[PDB]
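Coordinates from work23.cif are shown below (mmCIF, C-alpha atoms).
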```cif
data_model
#
loop_
_atom_site.group_PDB
_atom_site.id
_atom_site.type_symbol
_atom_site.label_atom_id
_atom_site.label_comp_id
_atom_site.auth_asym_id
_atom_site.auth_seq_id
_atom_site.Cartn_x
_atom_site.Cartn_y
_atom_site.Cartn_z
ATOM 1 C CA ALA A 1 5.890 11.754 25.935
ATOM 2 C CA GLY A 2 8.096 9.595 23.754
ATOM 3 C CA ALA A 3 4.652 8.572 22.573
ATOM 4 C CA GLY A 4 4.085 12.256 21.740
ATOM 5 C CA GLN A 5 7.274 12.546 19.697
ATOM 6 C CA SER A 6 6.468 9.465 17.659
ATOM 7 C CA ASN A 7 3.016 10.814 16.899
ATOM 8 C CA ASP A 8 4.400 14.216 15.909
ATOM 9 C CA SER A 9 6.999 12.505 13.712
ATOM 10 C CA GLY A 10 4.165 10.527 12.090
ATOM 11 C CA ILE A 11 2.063 13.638 11.473
ATOM 12 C CA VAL A 12 5.046 15.497 9.932
ATOM 13 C CA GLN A 13 5.784 12.480 7.747
ATOM 14 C CA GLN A 14 2.113 12.510 6.766
ATOM 15 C CA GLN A 15 2.299 16.140 5.677
ATOM 16 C CA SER A 16 5.305 15.302 3.491
ATOM 17 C CA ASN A 17 3.283 12.437 1.957
ATOM 18 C CA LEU A 18 0.301 14.671 1.171
ATOM 19 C CA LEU A 19 2.527 17.425 -0.233
ATOM 20 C CA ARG A 20 4.134 14.858 -2.506
ATOM 21 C CA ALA A 21 0.713 13.635 -3.646
ATOM 22 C CA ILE A 22 -0.502 17.168 -4.445
ATOM 23 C CA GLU A 23 2.763 17.776 -6.399
ATOM 24 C CA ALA A 24 2.259 14.673 -8.549
ATOM 25 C CA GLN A 25 -1.361 15.650 -9.120
ATOM 26 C CA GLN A 26 -0.240 19.072 -10.275
ATOM 27 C CA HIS A 27 1.886 17.386 -12.922
ATOM 28 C CA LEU A 28 -1.108 15.273 -13.961
ATOM 29 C CA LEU A 29 -3.137 18.499 -14.216
ATOM 30 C CA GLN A 30 -0.561 20.083 -16.479
ATOM 31 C CA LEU A 31 -0.562 16.927 -18.645
ATOM 32 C CA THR A 32 -4.366 17.223 -19.006
ATOM 33 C CA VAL A 33 -4.056 20.916 -19.880
ATOM 34 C CA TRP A 34 -1.519 19.932 -22.584
ATOM 35 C CA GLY A 35 -3.963 17.404 -24.101
ATOM 36 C CA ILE A 36 -6.887 19.825 -24.005
ATOM 37 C CA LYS A 37 -4.709 22.507 -25.641
ATOM 38 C CA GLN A 38 -3.696 20.038 -28.361
ATOM 39 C CA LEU A 39 -7.357 19.382 -29.149
ATOM 40 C CA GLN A 40 -8.597 22.984 -28.714
ATOM 41 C CA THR A 41 -5.788 24.335 -30.904
ATOM 42 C CA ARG A 42 -6.546 21.745 -33.585
ATOM 43 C CA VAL A 43 -10.349 21.544 -33.423
ATOM 44 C CA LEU A 44 -11.471 24.918 -32.135
ATOM 45 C CA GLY A 45 -8.718 27.482 -32.514
ATOM 46 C CA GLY A 46 -9.651 30.171 -32.294
ATOM 47 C CA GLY A 47 -8.973 32.725 -29.578
ATOM 48 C CA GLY A 48 -10.867 34.872 -27.057
ATOM 49 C CA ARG A 49 -12.697 32.732 -24.525
ATOM 50 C CA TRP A 50 -9.762 30.343 -24.835
ATOM 51 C CA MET A 51 -7.430 33.271 -24.124
ATOM 52 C CA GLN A 52 -9.461 33.772 -20.942
ATOM 53 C CA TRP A 53 -9.081 30.062 -20.273
ATOM 54 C CA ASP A 54 -5.305 30.131 -20.865
ATOM 55 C CA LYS A 55 -4.784 33.046 -18.487
ATOM 56 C CA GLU A 56 -7.105 31.459 -15.907
ATOM 57 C CA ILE A 57 -5.137 28.219 -16.087
ATOM 58 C CA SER A 58 -1.910 30.234 -15.761
ATOM 59 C CA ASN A 59 -3.175 32.215 -12.772
ATOM 60 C CA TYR A 60 -4.296 29.116 -10.860
ATOM 61 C CA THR A 61 -1.210 27.154 -11.857
ATOM 62 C CA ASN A 62 0.886 29.921 -10.418
ATOM 63 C CA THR A 63 -0.981 30.059 -7.125
ATOM 64 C CA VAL A 64 -0.555 26.269 -6.759
ATOM 65 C CA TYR A 65 3.143 26.681 -7.478
ATOM 66 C CA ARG A 66 3.461 29.424 -4.878
ATOM 67 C CA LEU A 67 1.468 27.339 -2.402
ATOM 68 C CA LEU A 68 3.684 24.318 -3.035
ATOM 69 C CA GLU A 69 6.808 26.465 -2.525
ATOM 70 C CA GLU A 70 5.442 27.884 0.694
ATOM 71 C CA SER A 71 4.493 24.329 1.734
ATOM 72 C CA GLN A 72 8.006 23.077 0.971
ATOM 73 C CA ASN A 73 9.520 25.818 3.113
ATOM 74 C CA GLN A 74 7.071 25.081 5.908
ATOM 75 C CA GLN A 75 7.865 21.403 5.674
ATOM 76 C CA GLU A 76 11.597 21.948 6.167
ATOM 77 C CA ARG A 77 10.901 24.283 9.078
ATOM 78 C CA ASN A 78 8.634 21.694 10.659
ATOM 79 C CA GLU A 79 11.151 18.923 10.161
ATOM 80 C CA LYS A 80 13.883 21.067 11.687
ATOM 81 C CA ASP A 81 11.660 21.853 14.663
ATOM 82 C CA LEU A 82 10.724 18.183 15.081
ATOM 83 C CA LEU A 83 14.416 17.296 15.247
ATOM 84 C CA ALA A 84 15.126 19.835 17.990
ATOM 85 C CA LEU A 85 12.494 18.237 20.258
ATOM 86 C CA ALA A 86 13.724 17.013 23.656
ATOM 87 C CA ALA B 1 7.508 22.577 25.480
ATOM 88 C CA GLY B 2 7.603 25.995 23.870
ATOM 89 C CA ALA B 3 9.368 23.896 21.266
ATOM 90 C CA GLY B 4 6.198 21.769 21.151
ATOM 91 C CA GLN B 5 3.913 24.753 20.602
ATOM 92 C CA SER B 6 6.025 26.082 17.761
ATOM 93 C CA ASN B 7 5.974 22.695 16.077
ATOM 94 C CA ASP B 8 2.207 22.375 16.499
ATOM 95 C CA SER B 9 1.768 25.901 15.127
ATOM 96 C CA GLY B 10 3.919 24.889 12.141
ATOM 97 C CA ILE B 11 1.918 21.716 11.503
ATOM 98 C CA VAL B 12 -1.404 23.629 11.686
ATOM 99 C CA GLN B 13 -0.013 26.251 9.316
ATOM 100 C CA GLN B 14 1.040 23.390 7.047
ATOM 101 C CA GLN B 15 -2.481 21.977 6.977
ATOM 102 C CA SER B 16 -3.807 25.405 5.970
ATOM 103 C CA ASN B 17 -1.202 25.495 3.168
ATOM 104 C CA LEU B 18 -2.188 22.064 1.843
ATOM 105 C CA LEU B 19 -5.905 22.866 2.066
ATOM 106 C CA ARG B 20 -5.267 26.008 0.051
ATOM 107 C CA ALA B 21 -3.329 24.019 -2.553
ATOM 108 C CA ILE B 22 -6.103 21.418 -2.919
ATOM 109 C CA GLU B 23 -8.650 24.286 -3.286
ATOM 110 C CA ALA B 24 -6.682 25.904 -6.117
ATOM 111 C CA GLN B 25 -6.284 22.519 -7.782
ATOM 112 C CA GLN B 26 -10.026 22.006 -7.604
ATOM 113 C CA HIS B 27 -10.472 25.227 -9.553
ATOM 114 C CA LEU B 28 -7.920 24.017 -12.109
ATOM 115 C CA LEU B 29 -9.909 20.766 -12.368
ATOM 116 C CA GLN B 30 -13.116 22.640 -13.049
ATOM 117 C CA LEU B 31 -11.309 24.709 -15.715
ATOM 118 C CA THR B 32 -10.189 21.463 -17.419
ATOM 119 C CA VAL B 33 -13.729 20.074 -17.235
ATOM 120 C CA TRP B 34 -14.945 23.299 -18.917
ATOM 121 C CA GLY B 35 -12.449 22.865 -21.788
ATOM 122 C CA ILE B 36 -13.276 19.189 -22.257
ATOM 123 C CA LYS B 37 -17.002 20.039 -22.277
ATOM 124 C CA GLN B 38 -16.383 22.737 -24.896
ATOM 125 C CA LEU B 39 -14.688 20.185 -27.146
ATOM 126 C CA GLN B 40 -17.038 17.247 -26.400
ATOM 127 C CA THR B 41 -20.116 19.417 -26.982
ATOM 128 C CA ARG B 42 -18.678 20.686 -30.267
ATOM 129 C CA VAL B 43 -16.943 17.571 -31.616
ATOM 130 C CA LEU B 44 -18.824 14.655 -30.113
ATOM 131 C CA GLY B 45 -22.199 15.759 -28.816
ATOM 132 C CA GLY B 46 -23.991 13.586 -28.356
ATOM 133 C CA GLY B 47 -25.352 12.259 -25.077
ATOM 134 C CA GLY B 48 -25.431 9.031 -23.047
ATOM 135 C CA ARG B 49 -21.952 7.998 -21.967
ATOM 136 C CA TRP B 50 -21.238 11.715 -21.677
ATOM 137 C CA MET B 51 -24.333 12.039 -19.479
ATOM 138 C CA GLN B 52 -22.730 9.369 -17.288
ATOM 139 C CA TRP B 53 -19.527 11.390 -17.396
ATOM 140 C CA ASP B 54 -21.306 14.646 -16.473
ATOM 141 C CA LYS B 55 -23.036 13.084 -13.475
ATOM 142 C CA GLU B 56 -19.806 11.354 -12.412
ATOM 143 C CA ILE B 57 -17.949 14.658 -12.569
ATOM 144 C CA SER B 58 -20.783 16.274 -10.586
ATOM 145 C CA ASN B 59 -20.793 13.548 -7.935
ATOM 146 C CA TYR B 60 -17.031 13.728 -7.361
ATOM 147 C CA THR B 61 -16.995 17.514 -7.532
ATOM 148 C CA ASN B 62 -19.584 17.556 -4.808
ATOM 149 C CA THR B 63 -17.701 15.180 -2.537
ATOM 150 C CA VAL B 64 -14.565 17.348 -2.919
ATOM 151 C CA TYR B 65 -16.648 20.395 -2.061
ATOM 152 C CA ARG B 66 -18.069 18.700 1.020
ATOM 153 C CA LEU B 67 -14.594 17.516 2.000
ATOM 154 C CA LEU B 68 -13.189 21.022 1.582
ATOM 155 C CA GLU B 69 -16.023 22.443 3.721
ATOM 156 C CA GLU B 70 -15.437 19.862 6.410
ATOM 157 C CA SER B 71 -11.695 20.611 6.163
ATOM 158 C CA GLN B 72 -12.331 24.346 6.529
ATOM 159 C CA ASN B 73 -14.399 23.755 9.655
ATOM 160 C CA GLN B 74 -11.747 21.443 11.056
ATOM 161 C CA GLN B 75 -9.079 23.998 10.303
ATOM 162 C CA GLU B 76 -10.823 26.733 12.290
ATOM 163 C CA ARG B 77 -11.383 24.324 15.170
ATOM 164 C CA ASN B 78 -7.720 23.365 15.127
ATOM 165 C CA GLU B 79 -6.592 26.967 15.003
ATOM 166 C CA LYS B 80 -8.880 27.833 17.902
ATOM 167 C CA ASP B 81 -7.519 24.907 19.903
ATOM 168 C CA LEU B 82 -3.924 25.865 19.076
ATOM 169 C CA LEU B 83 -4.581 29.356 20.427
ATOM 170 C CA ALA B 84 -5.933 28.058 23.738
ATOM 171 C CA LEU B 85 -2.690 26.143 24.400
ATOM 172 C CA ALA B 86 -0.855 27.012 27.630
ATOM 173 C CA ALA C 1 -2.343 18.620 28.177
ATOM 174 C CA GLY C 2 -5.851 17.356 27.558
ATOM 175 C CA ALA C 3 -5.792 20.472 25.414
ATOM 176 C CA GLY C 4 -2.806 18.911 23.616
ATOM 177 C CA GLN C 5 -4.603 15.635 22.940
ATOM 178 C CA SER C 6 -7.635 17.379 21.505
ATOM 179 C CA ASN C 7 -5.431 19.412 19.198
ATOM 180 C CA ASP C 8 -3.512 16.327 18.069
ATOM 181 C CA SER C 9 -6.807 14.509 17.484
ATOM 182 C CA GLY C 10 -7.955 17.490 15.395
ATOM 183 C CA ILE C 11 -4.758 17.548 13.333
ATOM 184 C CA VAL C 12 -4.971 13.774 12.672
ATOM 185 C CA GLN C 13 -8.617 14.164 11.682
ATOM 186 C CA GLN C 14 -7.513 16.988 9.393
ATOM 187 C CA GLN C 15 -4.967 14.767 7.665
ATOM 188 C CA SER C 16 -7.689 12.174 7.046
ATOM 189 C CA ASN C 17 -9.867 14.942 5.549
ATOM 190 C CA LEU C 18 -7.119 16.133 3.197
ATOM 191 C CA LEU C 19 -6.232 12.575 2.167
ATOM 192 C CA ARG C 20 -9.879 11.994 1.328
ATOM 193 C CA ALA C 21 -9.981 15.200 -0.725
ATOM 194 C CA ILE C 22 -6.852 14.264 -2.706
ATOM 195 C CA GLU C 23 -8.379 10.785 -3.345
ATOM 196 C CA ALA C 24 -11.591 12.263 -4.760
ATOM 197 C CA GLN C 25 -9.559 14.666 -6.878
ATOM 198 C CA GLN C 26 -7.582 11.753 -8.260
ATOM 199 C CA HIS C 27 -10.841 10.213 -9.435
ATOM 200 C CA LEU C 28 -11.818 13.530 -11.031
ATOM 201 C CA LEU C 29 -8.416 13.553 -12.768
ATOM 202 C CA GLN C 30 -8.972 10.089 -14.168
ATOM 203 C CA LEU C 31 -12.434 11.170 -15.393
ATOM 204 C CA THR C 32 -10.818 14.115 -17.238
ATOM 205 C CA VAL C 33 -8.188 11.809 -18.740
ATOM 206 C CA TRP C 34 -11.043 9.561 -19.969
ATOM 207 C CA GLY C 35 -12.766 12.517 -21.689
ATOM 208 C CA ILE C 36 -9.549 13.770 -23.270
ATOM 209 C CA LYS C 37 -8.792 10.234 -24.511
ATOM 210 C CA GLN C 38 -12.292 9.997 -26.000
ATOM 211 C CA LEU C 39 -11.692 13.200 -27.957
ATOM 212 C CA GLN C 40 -8.024 12.535 -28.859
ATOM 213 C CA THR C 41 -8.840 9.010 -30.053
ATOM 214 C CA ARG C 42 -11.725 10.322 -32.156
ATOM 215 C CA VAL C 43 -10.326 13.635 -33.420
ATOM 216 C CA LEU C 44 -6.573 13.181 -33.461
ATOM 217 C CA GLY C 45 -5.663 9.513 -33.329
ATOM 218 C CA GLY C 46 -2.963 8.998 -34.099
ATOM 219 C CA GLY C 47 -0.063 7.780 -31.985
ATOM 220 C CA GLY C 48 3.440 8.867 -30.939
ATOM 221 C CA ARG C 49 3.340 12.047 -28.885
ATOM 222 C CA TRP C 50 0.064 10.720 -27.499
ATOM 223 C CA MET C 51 1.859 7.473 -26.634
ATOM 224 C CA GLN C 52 4.292 9.650 -24.675
ATOM 225 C CA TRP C 53 1.295 11.341 -23.088
ATOM 226 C CA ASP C 54 -0.366 8.018 -22.190
ATOM 227 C CA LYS C 55 2.769 6.672 -20.522
ATOM 228 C CA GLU C 56 3.342 9.996 -18.739
ATOM 229 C CA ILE C 57 -0.212 9.932 -17.413
ATOM 230 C CA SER C 58 0.319 6.305 -16.343
ATOM 231 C CA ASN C 59 3.613 7.058 -14.600
ATOM 232 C CA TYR C 60 2.194 9.983 -12.612
ATOM 233 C CA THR C 61 -1.046 8.159 -11.881
ATOM 234 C CA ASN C 62 0.984 5.356 -10.417
ATOM 235 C CA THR C 63 3.092 7.603 -8.213
ATOM 236 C CA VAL C 64 -0.105 9.227 -6.863
ATOM 237 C CA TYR C 65 -1.497 5.767 -6.186
ATOM 238 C CA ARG C 66 1.659 4.729 -4.357
ATOM 239 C CA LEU C 67 1.647 8.003 -2.429
ATOM 240 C CA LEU C 68 -1.995 7.519 -1.463
ATOM 241 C CA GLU C 69 -1.243 3.955 -0.298
ATOM 242 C CA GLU C 70 1.708 5.125 1.740
ATOM 243 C CA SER C 71 -0.492 7.935 3.115
ATOM 244 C CA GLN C 72 -3.219 5.452 4.059
ATOM 245 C CA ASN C 73 -0.711 3.310 5.936
ATOM 246 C CA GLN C 74 0.706 6.365 7.669
ATOM 247 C CA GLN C 75 -2.771 7.488 8.598
ATOM 248 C CA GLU C 76 -3.605 4.213 10.343
ATOM 249 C CA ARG C 77 -0.271 4.296 12.155
ATOM 250 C CA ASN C 78 -0.936 7.846 13.290
ATOM 251 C CA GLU C 79 -4.437 7.016 14.436
ATOM 252 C CA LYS C 80 -3.146 4.014 16.361
ATOM 253 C CA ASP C 81 -0.476 6.161 17.999
ATOM 254 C CA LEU C 82 -3.014 8.874 18.847
ATOM 255 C CA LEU C 83 -5.152 6.273 20.609
ATOM 256 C CA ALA C 84 -2.268 5.042 22.762
ATOM 257 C CA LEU C 85 -1.698 8.559 24.149
ATOM 258 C CA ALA C 86 -1.915 8.926 27.940
#
```

Could you take the file, read its structure, and then write that structure out as structure tokens?
Amino acid sequence: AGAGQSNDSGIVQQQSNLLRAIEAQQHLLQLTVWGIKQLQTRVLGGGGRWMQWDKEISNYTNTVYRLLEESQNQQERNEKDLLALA
Amino acid sequence: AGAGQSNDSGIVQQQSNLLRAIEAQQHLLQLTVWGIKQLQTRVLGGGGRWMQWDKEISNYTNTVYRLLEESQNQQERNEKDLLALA
Amino acid sequence: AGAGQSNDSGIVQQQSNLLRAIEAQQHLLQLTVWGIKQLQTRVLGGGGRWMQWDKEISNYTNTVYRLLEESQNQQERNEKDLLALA
């Protein structure tokens, strides 16, 4: 009962934790993309398949962004709902 | 009570969100591996430590895959169980 | 009721699953950083912006680590709390 609330609070906290981890990993991913681009641009050039790659990176980066936004909104909703619990 | 159900529904939705985010990040990871392979193959060759790297990438990619599969199954189970709630 | 416990157990299991996935992806990330470093060191050298990059990678890697540690602790707490449920 009170046991239930504490558990729920712990699970909601845990979702915040995991969201935070995925966010930091997204920044790591973008840092790796930067490094690869610095090498590809310098070593390879040249265009074409790398244009495919660039757009593919962009597409997936944007879906992660949208997912993280949706997850942020859901997190605040969940935290609000947790706080209204009897 | 009904408050509890809404919270639970929100937490389950949140797990789906995070699963989706991790899936998209996995695709980003594979895109970065592709780019690194394109450079390594071209610049470095050559074999050996990069064979270690390739198998290491494969091993970890496979555990993520298996984890995502297990997570998908768990998600459907959770969603089924949520729906059976009184 | 018992329905509630099973759901909660499923959600806690699901958090463990996602934590595991993020952990494996972190190892993949470090493997990609290794490969990029092997190319940058060989092709580019040279220092400076790559020193920025190295510290940036380090900073974010450390926050993921700390987040994963915090998430591990939260997971054990949640699992303990789940087990004390009536």

Around (-5.2, 15.5, 7.4) in the file's frame, which residues reach within 9 Å when counting all atoms listed in the file? Return as a PyMOL selection string? (chain A and resi 11+14-15+18) or (chain B and resi 15+71) or (chain C and resi 10-20+75)

Give the residues of chain C that lie within 7 Å of chain A; count all atoms listed in the file, and format the answer as a ChimeraX atom specification. /C:19,33,36,40,57,60,64,67,71,74,78,81-82,85

State, in Å with one decimal place, the distance from CA of residue 83 (chain C) to CA of residue 73 (chain B).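 Separating CA of residue 83 (chain C) from CA of residue 73 (chain B) is a distance of 22.6 Å.
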
Quick one: pull the distance between CA of residue 44 (chain A) and CA of residue 45 (chain B), Å, one decimal.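 Computing it gives 14.5 Å between the two atoms.
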
So what do you get for CA of residue 84 (chain B) versus CA of residue 68 (chain A), distance-wise?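 Distance reported for this atom pair: 28.7 Å.
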